[PDB]
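Report on one structure; see the data block that follows.
Number of protein chains: 2
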Amino acid sequence: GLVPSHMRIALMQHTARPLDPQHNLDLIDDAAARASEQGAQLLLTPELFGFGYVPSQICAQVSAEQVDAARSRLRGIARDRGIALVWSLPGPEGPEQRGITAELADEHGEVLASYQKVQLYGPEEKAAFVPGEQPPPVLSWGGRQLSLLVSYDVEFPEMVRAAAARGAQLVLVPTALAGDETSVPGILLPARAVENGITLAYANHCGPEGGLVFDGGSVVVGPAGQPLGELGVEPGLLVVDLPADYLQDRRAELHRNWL
Amino acid sequence: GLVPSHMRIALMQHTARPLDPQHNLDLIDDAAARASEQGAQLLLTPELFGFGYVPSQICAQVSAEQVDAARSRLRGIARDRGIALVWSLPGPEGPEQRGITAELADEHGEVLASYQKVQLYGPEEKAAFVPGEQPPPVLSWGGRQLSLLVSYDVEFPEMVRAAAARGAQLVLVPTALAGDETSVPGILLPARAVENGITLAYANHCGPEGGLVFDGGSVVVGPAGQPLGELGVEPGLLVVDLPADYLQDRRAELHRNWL
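Taken in sequence, the protein lines are chains H and D.
Using the working numbering, you'd call the opening residue of the first sequence number 973 and step up by one each time.
Using the working numbering, you'd call the opening residue of the second sequence number 973 and step up by one each time.
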């Protein structure tokens, strides 16, 4: 609609082609343009979209120079489409030393924050990538505190609590969820929102990619655990206007000893 | 039914009368008898049921001797009805030094485990009771590892993770949830089950008690986050037959630094 809320976000849900960054970044540019036209101020895009979700092939075939070229292209998209952008690429080190990352650029193309996925999923990711060792970043943008996590991270309450403990209000999550795993968006995401009093945005692939059929189901969940908007299984651009004191009450000095 | 599963549990959902332990323990004895008749091996009963959920009045009026008399009565119920029993009373110390507790007695009346609520809810509880300082107990019974938590505890992912980290498979939760707080059983409990791969049982008051209208909604949630059985708002006896590797994958040595 007309702007009702002083923050409008977009999530891109699409299918990537393995090892075809020109194609996949063309898709991200198209979504950035369309989101900007609709008055969105930020676009969230899915995990590893630029090269496809193909961990073993990214480690065998995708060089650090190719990563950097993709990163430069995405910074340029942010700037040229005049929209903040969250993307997810391999990290900048060599193939054997890098992780899976998420980065936020603002509408000027400045990179505000970089995060390396802490919780790798399965043996293919753990062979292809180095896990992150740093907590999620939290930063002011657009009138709220934003944070980043990547896919499997959000399934751990600890990871979302780590962001919320820093002050996060809006947690943005590139993902790549296949296998009709309804429990993640259906059961875990609502709880992550409620148990911290935060909003979460979850941007997935959909369709046939890299040997898997991704679930779609991209969603923005508010602090009551309610979907503010959601997609189905097909490509789409989700645009959402955003409007007990667990964080204080938690006995963190005991909890930390009991994990 | 006929026994299909080698564990059948019962949850008692009822209304307590404030400061009337004879009445409220008579209700627990009745439910224990009925659960035993149906082949249940354990009965779970709600938070503070024996004196009613009236924190300020328990601290002003209920002596340690009166607590101990109630405790003895409940041990006797376990033994005489031949069923394991989970109850929740004030702890055994003076009014100014005790917490809210849960205890498990086996079908012989032996007290297997005692737990003191770590996460107190609201200012009335925090005036009336001392928070616990120990992690949840985990113990073999009936072929599985059982654990105890009390009401608000379960709303913290940390508390359930603390039990699961110890090996819990079945977490038993006396509660006292009023105010049409649908998110706890609806959103948080399913996630606590899924994110640990455990079963949780949640036994609430219902109806008018101590100035509040308790929600009922007692439920047993399986590891998929699915209700194995559930009650509505009225008194009842719920009887249930029980049939990603988050616990391993979690980077607990980082998480503990980030809470």
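We put the CB at the ideal spot given by N, CA and C, even for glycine.
The segment 1128–1159 of chain H: which residues have C-beta closer than 8 Å to a C-beta of chain D, in chain order?
1128, 1129, 1130, 1131, 1133, 1134, 1137, 1155, 1159
Taking C-beta to C-beta, are residue 1081 of chain H and residue 1036 of chain H nearer than 7 Å?
no
Spatial distance of residue 1022 of chain H from residue 1183 of chain H (CA atoms)
17 Å
Can you give the Cα-Cα distance for residue 988 of chain D and residue 1177 of chain D, rounded to whole angstroms?
7 Å
Which residue wins for smallest C-alpha separation from residue 1055 of chain D, given the options D/1090, D/1029, D/1092, D/1009?
D/1009
Contained alpha helix (DSSP H) runs [length at least 4] in the segment 1046–1131 of chain D, N- to C-terminal order
1094–1100
If I follow the unbroken alpha helix (DSSP H) through residue 1166 of chain D, where does it start and stop?
1161–1168
Nearest by alpha-carbon distance to residue 1207 of chain H: which of H/1140, H/1127, H/1173, H/1186 is it?
H/1186
Just mark residue 1197 of chain D as buried or exposed, buried being the case when its beta carbon has 16 or more other beta carbons within 10 Å.
buried
Minimum C-alpha distance to residue 1139 of chain H - residue among H/1180, H/1158, H/1110, H/1026
H/1110
Keeping to the same chain, check which residues put their C-beta closer than 7 Å to that of residue 1065 of chain H; ignore five residues upstream and five downstream.
1036
Tell me whether residue 1040 of chain D is buried or exposed, calling it buried when 16 or more other Cβ atoms sit within 10 Å of its Cβ.
exposed
Could one say the Cβ of residue 1099 of chain D lies closer than 7 Å to chain H's Cβ atoms, at least one of them?
no
Give me the Cα-Cα distance between residue 1127 of chain H and residue 1160 of chain H, rounded to the nearest whole angstrom.
6 Å
What is the DSSP secondary structure of residue 1231 of chain H, counted as helix, strand or coil?
coil
Are any of the Cβ atoms in chain D nearer than 7 Å to that of residue 1090 of chain H?
yes
Contact check, residue 1108 of chain D vs residue 1121 of chain D, beta carbons under 7 Å:
yes
Mind checking residue 1155 of chain D: buried by the 16 CB within 10 Å criterion, or exposed?
buried
In the structure shown, what three-state DSSP assignment does residue 1225 of chain D receive?
helix
Thinking residue 966 of chain D and residue 1100 of chain D are a contact (beta carbons under 8 Å), I'd like their distance in whole angstroms, please.
Since the first and last residues shown for chain D are 973 and 1231, residue 966 of chain D lies out of range.
For residue 1173 of chain H, name the three-state secondary structure that DSSP assigns.
strand
Members of the segment 1212–1224 of chain D near chain H, C-beta cut-off 9 Å
1216, 1218, 1221, 1222, 1223, 1224
Can you list the residues of chain H that residue 1166 of chain D reaches, using a CB-CB cut of under 8 Å?
1155, 1159, 1160
Which residue's Cα is closest to the Cα of residue 1048 of chain H: H/997, H/1195, H/1106?
H/997
When burial is assigned at 16 or more other CB atoms within 10 Å of the CB, is residue 976 of chain D buried or exposed?
exposed
Taking Cβ positions, are residue 983 of chain H and residue 1016 of chain H nearer each other than 7 Å?
yes
Are the CB atoms of residue 1192 of chain D and residue 1175 of chain D nearer to each other than 7 Å?
no
Cα-Cα, which of H/1171, H/1167, H/1212 is closest to residue 1221 of chain H?
H/1167
With residue 997 of chain D as the anchor, note down where its alpha helix (DSSP H) starts and where it stops.
993–1009
Exposed unless 16 or more other CB atoms sit within 10 angstroms - verdict on residue 985 of chain H
buried
Quick one: give me the first and last residue of the alpha helix (DSSP H) that residue 1198 of chain H is part of.
Here residue 1198 of chain H belongs to no alpha helix (DSSP H), and DSSP marks it neither H nor E.
Along the segment 1019–1049 of chain H, where does the CB come closer than 7 Å to a CB of chain D? Name the residues.
none
Could you please give the first and the last residue of the uninterrupted alpha helix (DSSP H) stretch that includes residue 985 of chain D?
Per DSSP, residue 985 of chain D belongs to no alpha helix (DSSP H); it is in the beta strand (DSSP E), 979–985.
Using a threshold of 7 Å, state whether the C-beta atoms of residue 1231 of chain D and residue 1228 of chain H are closer than that.
yes
Can you grab the Cα-Cα spacing for the pair residue 1224 of chain H / residue 995 of chain H, in whole Å?
46 Å
Taking the C-alpha atoms as reference points, what is the distance between residue 1123 of chain H and residue 1136 of chain H?
17 Å
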